[PDB]
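Coordinate analysis (summary)
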Amino acid sequence: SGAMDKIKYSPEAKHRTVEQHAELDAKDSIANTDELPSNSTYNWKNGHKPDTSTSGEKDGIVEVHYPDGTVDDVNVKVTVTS
Ligand code: NA
């Protein structure tokens, strides 16, 4: 037996504040990518990319894809200013 990557690692959300119409790289919403394997990849969950076209408080979900194929879902928040 062994611990799969999504059990070993503990990604934590970073709250970002961005301007209306800003781009959002999913990795930028994870606070501790230095505590996760550097070959992990980050993407927005389908249907859960924060929409920066309007200002307000938005929610999103980051998928953290680990090298062993397991995946962590991370709830994040994005403040959009106008
Ligand atoms: Na985890």
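Residues numbered from 1 in each chain as written, not as in the entry; some residues may be left out. Heavy atoms only, no water.

Its PDB header names X-ray crystallography as the technique used to obtain the model and reports a resolution of 1.8 Å.

Here's the deal with the sheet that holds strand β2 (residues 41-44)
Taken together, four strands build an open sheet; the order of strands is β1-β4-β3-β2 and the sheet is mixed. Lying at the two open borders of the sheet, with one neighbouring strand each, are β1 (16-19) and β2. Each strand of the sheet is rotated relative to its neighbour by a mean of 35°, with strand direction disregarded. Bridge analysis of β1 against strand β4 (residues 71-81) gives four bridges, and the strand direction is parallel. In the strand pairing of β4, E19 is matched with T81. (Pairing = 2+ DSSP bridges. Helix = DSSP H or I, 4+ residues; strand = E, 2+ residues; numbered from the N terminus. Axes fitted to C-alpha atoms, helices over the stretch in contact; angles between N-to-C directions.)

Here we look at the coordination of the sodium ion
For the sodium ion, the full set of protein donor atoms is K6 (O), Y9 (O), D72 (OD) and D72 (OD), and the range of their distances to it is 2.4 to 3.2 Å. Site description for the sodium ion: donor spacing in sequence, K-x2-Y-x62-D. Here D72 lies in strand β4 and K6 lies in helix α1 (residues 5-8), a separation of 66 residues in the sequence. (Donors = N, O, S within 2.8 Å, 3.2 Å for Na, K, Ca; no water.)

Observations regarding the pairing of β2
Two faces, one strand: in a regular strand the side chains alternate between the faces of the sheet. Of the two faces of β2, only one is covered, namely that formed by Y42 and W44; the face formed by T41 and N43 stays uncovered. Bridge count for β2 against strand β3 (residues 56-65) is four bridges, and the pairing is antiparallel. Counted as the bridge partner of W44 is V62 from β3. (Buried < 20%, exposed > 50% of the residue type's maximum accessible area, 1.4 Å probe, protein only.)

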